[PDB]
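Trainee: take this sequence and fold it.
(3 chains)
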Amino acid sequence: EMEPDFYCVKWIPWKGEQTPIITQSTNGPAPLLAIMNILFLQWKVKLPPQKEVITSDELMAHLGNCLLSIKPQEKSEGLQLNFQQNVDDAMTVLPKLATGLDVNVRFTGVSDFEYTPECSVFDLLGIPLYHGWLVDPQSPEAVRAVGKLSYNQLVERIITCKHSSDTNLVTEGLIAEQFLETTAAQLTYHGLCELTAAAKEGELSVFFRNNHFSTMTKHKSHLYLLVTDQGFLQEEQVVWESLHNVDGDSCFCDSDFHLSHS
Amino acid sequence: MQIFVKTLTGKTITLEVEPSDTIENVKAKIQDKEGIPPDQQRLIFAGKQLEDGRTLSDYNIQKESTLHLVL
Amino acid sequence: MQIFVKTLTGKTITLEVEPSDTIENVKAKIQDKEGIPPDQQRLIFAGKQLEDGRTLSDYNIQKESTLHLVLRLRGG
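Mentor: Residues are numbered from 1 along each chain as shown, chains lettered A, B, ... in the order given. Now the structure:
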């Protein structure tokens, strides 16, 4: 709760069984909680009944054991060095999961990130990583200036453009700067529409939005985010938050995706 | 700039704010409207707690955004 | 000498440095005035990201020169 590597465990009635989800009190462990809450909801990791407090060390130990036990998709007597590489690069990034994980979104697709060691952790676990920071094709200004650029490319392109002689570039600069400013919460209406359609019914996934990672699922063609803030630790019937607009105006739902009241 | 604060009781508070306003300022403004002390207020946006010492701008909170207020 | 650092927010930090200072050293100084982690910080000057081990002198960063600070997107 108070000390910086301690989390409150919240038990919820998930699909017939008391199931733990880990809550967050301070910024930093959202990537670790997003993964660990998926492993707990799939019963791939189990906690002693009514454990109340868990540490970073315990979560990392469980996650490490899960990663090291993944087998390659194709079974071979030899080689599989590419798979072994993914695992070692996943083990090196593991500790950053408690303190904060770097991502580089591209604005072209809900699954589009620069492939980096950080991405590997989700890939090896078969966990989809999504984002809804999508440039609207009906803003062809933004589509032309933003292009196939990642976030990291685009903030540099903005700096170059501001110092350009070429008025075509100065203008590209302004449109991109204006994209980043109006979509600063990192979710567009187009992203939300594309994400709702691409996500798989019943599948658990990680969602990056506003410098935060959430556990996400899709039920009855609708997106939901797991509620992890410790402020809801005592609210058994507050489990899932609807994701159906970009301004945070959500409905709380119980374990079974039924509206909850207080 | 106008934002909304939804409690669990189902009540919606409207506030007038600036992006440069601190979370501490926003809690003061909630005390004005509902007389709830800042120290009993926890603000949350898009699932992440908004902490004291940072601004609305720091958390990319734009006009017509909804925050959640809990004990 | 005194250099300037422009964030995308618009505010500007002033630093005292020597041409002999490493980029790591300037990221460290930035972690004070603004509290930001060095591994989140990216420094741009005349079209290049500055590498940690290089010196200000290596990139001909003179007195009154302006650097650009852009952050990595970090989820917490």
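
Trainee: buried sites along the one helix or strand residue A:20 maps to?
Mentor: Using DSSP states H and E, residue A:20 sits in strand A:17-22. Judged by neighbour count (16 or more other CB atoms under 10 Å in any protein chain shown), strand A:17-22 contains these buried residues: A:19-22. Placement of C-beta: from N, CA and C, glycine included.

Trainee: kindly report the same for stretch B:9-20.
Mentor: For stretch B:9-20, the neighbour count (16+ other CB under 10 Å) marks B:13, B:15, B:17 as buried.

Trainee: okay if I get those residues as CSV plus distance to residue A:6 and secondary structure?
Mentor: Output for the buried residues of stretch B:9-20, formatted as CSV (distance: CB to CB, whole Å; DSSP: H, G, I helix; E, B strand; the rest coil):
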residue, distance to residue A:6, secondary structure
B:13, 32, strand
B:15, 33, strand
B:17, 33, coil
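
Trainee: okay, those residues in TSV with distance to residue B:61 next?
Mentor: Shown next, in TSV, are the buried residues of stretch B:9-20 (distance: CB to CB, whole Å):
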residue	distance to residue B:61
B:13	15
B:15	11
B:17	8
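
Trainee: and what about the residue nearest to the spatial centre of chain A, helix, strand or coil?
Mentor: Nearest residue to the geometric centre of chain A (CA atoms, centre = their mean): residue A:207, 2.8 Å. Taking DSSP: H, G, I helix; E, B strand; the rest coil as the rule, one finds residue A:207 in the strand state.

Trainee: how much space between it and chain C?
Mentor: Using CB to the nearest CB, to the nearest Å, we find residue A:207 at a distance of 10 Å from chain C.

Trainee: my read is that that residue contacts residue A:216, right?
Mentor: Yes: judged on CB atoms under 8 Å, residue A:207 makes contact with residue A:216 at a distance of 4.0 Å.

Trainee: what sits in contact with each of the two?
Mentor: Taking CB atoms under 8 Å, 6 or more residues apart in numbering or on different chains as the contact criterion, the common neighbours of residue A:207 and residue A:216 are A:130, A:225, A:243.

Trainee: for the last one, which non-adjacent residue is closest in space?
Mentor: In other words, residue A:243. The shortest distance from residue A:243 to any non-neighbouring residue, by CB to CB, 6 or more residues apart in numbering or on different chains, is to residue A:223 (4.0 Å).

Trainee: hey, C-alpha coordinates of the helix or strand harbouring the one you found in CSV?
Mentor: Using DSSP H and E, residue A:223 maps to strand A:222-226. The C-alpha trace of strand A:222-226 is given here as CSV (Å, rounded to 0.1, in the frame of the first residue of the first chain):
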residue,chain,number,x,y,z
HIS,A,222,-17.3,-3.6,-26.5
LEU,A,223,-13.8,-2.7,-25.1
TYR,A,224,-13.1,-2.9,-21.2
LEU,A,225,-10.1,-1.9,-19.1
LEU,A,226,-9.4,-3.6,-15.7
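
Trainee: what sits up against that strand?
Mentor: Against strand A:222-226 from outside (CB under 8 Å, 6+ apart): A:21, A:37, A:41, A:192, A:195-196, A:199, A:207, A:214-218, A:239-244, A:253, A:257, B:47.

Trainee: so what are the sheet partners of the helix or strand just after that strand and their directions?
Mentor: Where DSSP H and E defines the elements, the next helix or strand beyond strand A:222-226 is strand A:240-243. Strand pairing for strand A:240-243, determined by DSSP bridges: strand A:222-226 (antiparallel), strand A:252-253 (antiparallel).

Trainee: how much space between the nearest residue to residue A:112 once chain neighbours are set aside and residue A:197?
Mentor: The shortest distance from residue A:112 to any non-neighbouring residue, by CB to CB, 6+ apart, is to residue A:106 (4.0 Å). In this view, residue A:106 and residue A:197 are 18 Å apart by CB to CB, to the nearest Å.

Trainee: more crowded one of these two?
Mentor: Between residue A:106 and residue A:197, counted using other CB atoms under 10 Å in any protein chain shown, the more crowded position is residue A:106 (22 against 10).

Trainee: list the contacts for that one?
Mentor: A:112-114, A:148-151.

Trainee: list phi and psi for it.
Mentor: phi -100, psi 150 (degrees, to the nearest 10).

Trainee: hey, C-alpha coordinates of stretch A:85-96 in CSV?
Mentor: Extracted C-alpha coordinates of stretch A:85-96, given in CSV (Å, rounded to 0.1, in the frame of the first residue of the first chain):
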residue,chain,number,x,y,z
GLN,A,85,17.6,-14.1,-28.3
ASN,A,86,14.0,-12.8,-27.7
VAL,A,87,14.1,-14.6,-24.2
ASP,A,88,17.4,-13.0,-23.1
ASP,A,89,16.4,-9.5,-24.3
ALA,A,90,13.0,-10.1,-22.5
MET,A,91,14.9,-11.0,-19.2
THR,A,92,17.1,-7.8,-19.5
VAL,A,93,14.0,-5.4,-19.8
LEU,A,94,12.1,-7.3,-17.0
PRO,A,95,13.1,-5.0,-14.1
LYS,A,96,12.0,-1.8,-16.0
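
Trainee: which other residues reach it?
Mentor: The contact list for stretch A:85-96, computed with CB under 8 Å, 6+ apart, reads A:31, A:60, A:63-64, A:67-68, A:70, A:101-102, A:117-118, A:120-121, A:123-124.

Trainee: can you check stretch B:51-68 too?
Mentor: Stretch B:51-68 has contacts (CB under 8 Å, 6+ apart) with A:26-27, A:184-186, A:210, A:247-250, B:1-8, B:17-24, B:26-27, B:43-45, B:48, B:50, C:9.

Trainee: among the residues you listed, the buried ones, what's the ChimeraX command?
Mentor: The buried residues among the contacts of stretch B:51-68 can be selected in ChimeraX (16+ other CB under 10 Å) with this line:
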select /A:27,185,186,210,247,248,250 /B:3,4,5,6,7,8,17,21,22,23,26,27,43,44,45,48,50
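
Trainee: on that earlier part again, how distant is the strand holding residue A:223 from the center of its chain?
Mentor: Taking the mean of its C-alpha atoms, strand A:222-226 sits 12 Å from the chain's own mean (CA atoms, centre = their mean, to the nearest Å).
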